[PDB]
Amino acid sequence: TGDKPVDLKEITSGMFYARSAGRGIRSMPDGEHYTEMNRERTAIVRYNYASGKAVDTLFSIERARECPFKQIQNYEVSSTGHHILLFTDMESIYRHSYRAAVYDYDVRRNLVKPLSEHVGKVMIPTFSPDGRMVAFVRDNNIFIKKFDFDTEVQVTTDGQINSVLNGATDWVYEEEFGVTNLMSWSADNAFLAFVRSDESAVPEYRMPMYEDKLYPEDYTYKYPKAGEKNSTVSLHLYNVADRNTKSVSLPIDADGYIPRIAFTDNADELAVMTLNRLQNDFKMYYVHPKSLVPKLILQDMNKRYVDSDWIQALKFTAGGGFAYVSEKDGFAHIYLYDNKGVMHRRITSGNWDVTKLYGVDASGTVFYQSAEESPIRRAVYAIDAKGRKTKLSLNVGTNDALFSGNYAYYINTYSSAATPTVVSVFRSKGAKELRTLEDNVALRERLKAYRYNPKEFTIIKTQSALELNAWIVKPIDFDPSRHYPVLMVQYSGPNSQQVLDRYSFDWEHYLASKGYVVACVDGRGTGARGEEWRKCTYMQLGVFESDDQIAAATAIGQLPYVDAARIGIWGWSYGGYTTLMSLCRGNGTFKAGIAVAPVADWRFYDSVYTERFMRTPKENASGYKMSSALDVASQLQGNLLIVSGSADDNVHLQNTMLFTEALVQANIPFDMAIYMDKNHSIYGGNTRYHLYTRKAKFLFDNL
């Protein structure tokens, strides 16, 4: 009911963005405390879970000796608190990876030192279990800093940029398997295991970079497109005492993946997660670090594919069994195993998906997140060893938790479509809310000040007889007797969702203030509706997703307050692709579309992602053909705005360049924008505001 008009620059400036836990919360091994940087990132503070008191400041800029910087950006505390790593001068590499200036704060001496007496940014510094050593990556080699002897030992010598990586991971493993760190220490501190990724034979992509250069310079990196050579991976154990390395022979294929390794809490068990190239056979081995003998411990085979996020999220139990989420039975559910691989208790059941696995406490209580309430929502649950399930979340919407070491407490983040983040601390027994760390008063008051309509959730019924979760924001002085344009907003990728009872305040409300209905529909292929719903697209991406947006548009179009001749579609990345597909396959259903950094053809996208859902080009020529937007470009109808960054390392500019040329040769008019030196997130300075303005204006002129 507020007074102020929603302004596009305010959206784009983050004025509506909720304050979150973002900054740095980490549970301590004692289980009763967590650490967190203060607001100014000038100190690291230790907090009691139960009381929330700041027990002490573990490190500060003010007090520390010989501290050359005024702020930190990240930290890590050693298991004993004798050493704290401090990270400054962070440089992002890709989505997750970064390098940094890393210092060792010697707690006992109140002294800041360099981690290494070699000046140079490093990656992935990882304490040994005893806190006394730090393995880190520099220049693609592994080093171990040893605090007891004030010495650094060099573990590998063959590291080489764009060729050989030790511990760190290649572009595609980082992006698609979610793994930046393939090093792991034994529980007794005797071994550092690592994966060596050989990227030498993987093809390169080159991106011309233009800023402030007389001659352009290429950002060059290895990127395997669908069906091309991936890194070859090898597993090694370095024995700290002997300063010698051994290789592990794994009984897997030469084009397989090792997306994770991790020593368990037994010093004798190196867990190695492997996946074949088709990604339908997940096998985990335990390797004994002295005999080097691998033993198969878990195997998960799927008709279509095993989802590697569940490989990354597999949780070991104190007492070396583990909890694993498998889609075996048609939904994502938790299974509990001993250290011999014996599956002794299935934990969850029913027609709904587990969405996150937190862990298993000392009483065998299993803690997780699921969409049991609705595909649209997320709640945290506990299932104890007698099979009793308690929903721990107190509010309905989206809940996600970070548990203390013992799982006796957790920091919960809650939001709903209507309500921005409430970060509050709970005691697990009795699901008792202790206090609230943040509940965004200010943003709530700002919201009340503005005129906007709420997201109204519902289902879109298609002629094909699907029911698609959806939201709708009506225009500002909504008059049922009028005929409004609709913008359909979507992403549509495998297992993704845009229709979520979760807080978000984006340009939908700007457009709503200018007379547009905005709708968001999650079609086939999307998450939290079970395996079949998400994998029915297998080997034929985009077909069903297009069909469904076209079908959803067709139905929305029959609403009396909607002008069927003015329905548009917007999407970014897979959403961009889905836009192209929908304009190409909908026989003029959409009047306009915006396609931001779209894949044009799955041939152009990367190995691990594309093949998961499509297999290789050689094996699926029909699928790749059916799924190509580029192939059907000459069928495009409606007004298109297509946009890309010039330096997009994820969805290559190539996609957009090629699609536009198809349009040109078919005499199809369209708008395009290429943002210089920008990547897949198209931002920097005024870039987002300029882009969203462009997009809004394009809709005002064409929709």
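Each value in this text was obtained by applying a stated rule to the coordinates, not by laboratory testing. Positions of Cβ are generated from backbone atoms using ideal geometry, with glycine treated the same way; all protein chains shown enter the neighbour counts.
Numbers for the structure displayed
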read-out: Net length gained if the chain between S247 and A465 were fully extended (0.36 nm per residue, minus Cα distance); value: 73.0 nm
read-out: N351-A564 pseudo-label distance in nm [points 7 Å out on the Cα-to-Cβ vector]; value: 3.2 nm
read-out: All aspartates and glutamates inside 15 Å of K474 as judged from Cα atoms, apart from same-chain residues fewer than 8 positions distant; value: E456, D506, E508, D563
read-out: In order through the range 333-350: 3J(HN,Hα) via Karplus (6.51 cos²θ - 1.76 cosθ + 1.60), integer Hz, x for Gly, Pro; value: 9, 8, 10, 10, 10, 8, 6, 9, x, 7, 7, 9, 8, 6, 9, 10, 8, x
read-out: Cross-link reach list, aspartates and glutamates versus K70, counting only Cα pairs under 19 Å and skipping chain neighbours closer than eight places; value: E36, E40, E62, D89, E91, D104, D106
read-out: Options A565, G623, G527, ranked by Cα towards positive dipole end of the range 452-703, top entry (Cβ charges); value: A565
read-out: Neighbour-count order for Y561, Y692, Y675, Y105, fewest beta carbons within 10 angstrom listed first; value: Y561, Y692, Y675, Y105
read-out: Sum of -39500 (n - 2.57) over DSSP H runs of 4+, divided by residues of the chain (222 nm, nearest 500); value: -4000 deg cm²/dmol
read-out: Cβ-defined net charge surrounding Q73, 13 Å radius [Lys, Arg +1; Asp, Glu -1]; value: +1
read-out: Rg/Rg_globular for the chain, with Rg_globular taken as 2.2 N^0.38 Å and Rg from C-alpha atoms; value: 0.98
read-out: Farthest positive-ward along the chain dipole, Cα basis, beta-carbon charges - from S231, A552, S186; value: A552
read-out: Counted charge near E531, where neighbours are those whose Cβ lies closer than 13 Å (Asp, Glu -1; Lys, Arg +1); value: +1
read-out: Packing-based exposure ordering (other Cβ within 10 Å, fewest first) of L392, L487; value: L392, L487
read-out: Dimensionless Rg/Rh of the range 452-703 - Kirkwood Rh, Rg from C-alpha atoms; value: 0.95
